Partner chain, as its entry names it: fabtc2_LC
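As structure tokens, one chain now follows by itself in the form solved without the partner chain.
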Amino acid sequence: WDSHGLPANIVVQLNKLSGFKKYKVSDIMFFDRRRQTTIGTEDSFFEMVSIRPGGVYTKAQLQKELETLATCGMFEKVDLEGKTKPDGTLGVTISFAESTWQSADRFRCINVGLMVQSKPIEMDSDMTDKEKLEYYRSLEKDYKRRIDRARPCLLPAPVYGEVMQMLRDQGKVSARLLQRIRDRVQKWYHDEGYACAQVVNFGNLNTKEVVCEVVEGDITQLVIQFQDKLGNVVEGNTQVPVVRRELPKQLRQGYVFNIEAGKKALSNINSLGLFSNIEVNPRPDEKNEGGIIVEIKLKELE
């Protein structure tokens, strides 16, 4: 609830270029352009948008929102605009056009963690007819390559059975079905301890196939931060080896992060009676390819 804002004065409308500051959004509009309707607050397809009425966001944050909607596979075109309100907030309007889909007889899940992320990145048009057909061939071949380069997912058979039953019931895929499929697949991961797992994309490039791209939370780095005491952030320098000892094998780089490994570590380090606080915190790393940095934060006791 720390707010701020400086609209361009006054009631005008702005594409996204501006600001070093954190704006307040008083209303969110979700607009389906092909249907010419507006998504209602009570429609649950609205939580597709993570931006909330009354929330504070920066330019990079709103950019990051649009980025997400554009790469998820559900929309072939998405836009974020804003209108500055007389004071002091702005409303934002997110207008989309759903991706086109056909029937799908197959649901495939591939682990793309640590690979290059699928960017909507649709190249130039016009581009006459035959050159466009050739270009599609390039994409689908690039995409078969991608599928074969990918790893298996951890997703078990009964989840595939639900998703396929789900999909056999609609008979034609839409944005709303994918959302439910996304939540279902993320639910299984989260429920099994993979707290960093995320569905990053849905590919339509395979005929009659839905491809679901996931990152499971691959650990690319393990970092140990010491704090002493009141007070904080020094080296361990004799201590580092003794906390490394307490770490499960599964917390090292090259394993998929799971909260049970985190808990095992916490119980192990706690049994040393060295620290007044112990925390195992996963966060995304540099590459934005689904890599996880595990940092163990240790505060010493008086």
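In this text, rigid core is short for the largest set of C-alphas that superpose within 1.5 Å between two forms. Numbering follows the first chain given and starts at 1.
We do not show the form deposited with the partner chain bound, though everything after this point is about it.
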- Message: Quick check for you: of 219-227, 116-124, 149-157, 188-196, which stretch puts a non-hydrogen atom within 4.5 Å of the partner chain in the deposited complex?
- Response: 116-124
- Item | Partner proximity in the deposited complex: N232 to the partner chain, non-hydrogen atom cutoff 4.5 Å | no
- Do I110 and the partner chain come within 4.5 Å of each other in the deposited complex, heavy atoms counted? no
- Task: Mark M166 yes when one of its heavy atoms lies within 4.5 Å of a heavy atom of the partner chain in the deposited complex, and no otherwise.
- Result: no
- Message: Contact with the partner chain in the deposited complex for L178, defined as at least one heavy atom pair within 4.5 Å: yes or no?
- Response: yes
- Query: Superposing on the rigid core, which residue among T207, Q186, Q227, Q221 shifts its Cα by at least 2 Å between this form and the one not shown?
  - Reply: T207
- Rigid core fit then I110 CA moved by 2 Å or more between this form and the one not shown: yes
- Would you say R151 moves its Cα by 2 Å or more between this form and the one not shown, aligning on the core? no
- Fitting the rigid core first, would the Cα of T128 be found 2 Å or more away between this form and the one not shown? yes
- Task: Regarding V210 and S118, go with closer or farther for their CA spacing in the deposited complex versus this form, the difference being 3 Å or more.
- Result: farther
- Item | Cα-Cα trend for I292 and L114, given that in the deposited complex the distance shifts by 3 Å or more | farther
